[PDB]
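What follows is one chain in structure tokens, specifically the form deposited in one PDB entry.
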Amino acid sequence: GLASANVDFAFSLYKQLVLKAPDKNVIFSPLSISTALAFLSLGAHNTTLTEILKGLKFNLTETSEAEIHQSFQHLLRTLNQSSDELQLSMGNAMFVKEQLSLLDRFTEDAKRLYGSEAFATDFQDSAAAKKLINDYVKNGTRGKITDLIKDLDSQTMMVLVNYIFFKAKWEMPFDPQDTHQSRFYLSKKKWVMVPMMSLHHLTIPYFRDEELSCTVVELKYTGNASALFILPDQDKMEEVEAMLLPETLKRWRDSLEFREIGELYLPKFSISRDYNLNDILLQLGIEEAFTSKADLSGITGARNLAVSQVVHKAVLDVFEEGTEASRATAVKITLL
């Protein structure tokens, strides 16, 4: 259900991000974005609502708004498990202006379906409001995301926030002593020097996709999570990207077979990306929510709110012991 839509959404979003900056690293969490938008759709009506759900890639003929929110509730209940060597947490929050009246139904649905906390914020003191939201996110992402919110309109009525923190250890860790500075080719004739970690004589799921000119390998983490790596041949990235479809991912995972690998080299790195998703969302059909015709009357009972901006911040750390990934999404909503 939700998984199918999420994979479709993930790849659709990916292609748009690449179009915007074809040379830069792409780092995001479909789940964080989908969750924040589904949370927002809780208070949307008519076309505003329809566009969001359709934008999230849900087949409204095969699934109903009720089912959708239930999927997100179960998803939240399931994910929050930070213990068994694998730490995974996700939280939702809404910072609403002091004295702004919200429908009881919205607040209740938000708490039970999105486990959303609600915080009365004095948006007039922009500097104070920023820190509160940023500190909440900083706290939630164990210190990784520090500046999700850079600025706010003094006309801000509320901000929906979602954050996901992930920390796992490799099932087969890399020995730091085997990490050596080596070349990472940006292009066929240009490269940078980076710490290249290595593993020798390991048996892992592998698949050489001759049809797509790429190699797929899976490195499991201790827990119920894995990292799928897709290595396109030299100059085949765009060809692989053009084929990033749900059926492709499924085919890859179904084609994986255990194979003895003599040597595996993977760079150790820490990268981050900052995004203003307005352009991307509009391209995905989510439009009315941003306009004067925004119908978010399900939040306060009147059409007096419109989305001004949706931001996303992402951080990825890959090292010898494991991986740390942090993502956060914020939906700034102003007066209309």
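Residues that one form lacks are left out of the comparison. The first residue of the shown sequence is 1; numbering continues from there. Rigid core here is just the name for the largest C-alpha set that superposes within 1.5 Å across the two forms.
Just so it is clear, the following notes concern the form deposited in another entry, a form of the same protein that is not shown.
Taking the core as reference between the shown form and the other one, the lone member of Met197, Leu152, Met94, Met157 whose Cα moves by 2 Å or more is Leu152. For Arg142, the Cα coordinates differ by 2 angstroms or more between the shown form and the other one after the core has been superposed. Once the rigid core is used as the reference frame, the Cα position of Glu108 differs between the shown form and the other one by less than 2 Å.
Once you line up the core between the shown form and the other one, the Cα of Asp84 ends up 2 Å or more from where it was. Between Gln99 and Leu148, the Cα distance is smaller in the other form than in this structure, by no less than 3 angstroms. In the other form, the Cα-Cα separation between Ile164 and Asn139 shrinks by 3 Å or more relative to the displayed conformation. Every Cα shifting by 2 Å or more, across three or more consecutive residues, marks a moved region; comparing between the shown form and the other one on the rigid core, these regions are 81-84, 138-154.
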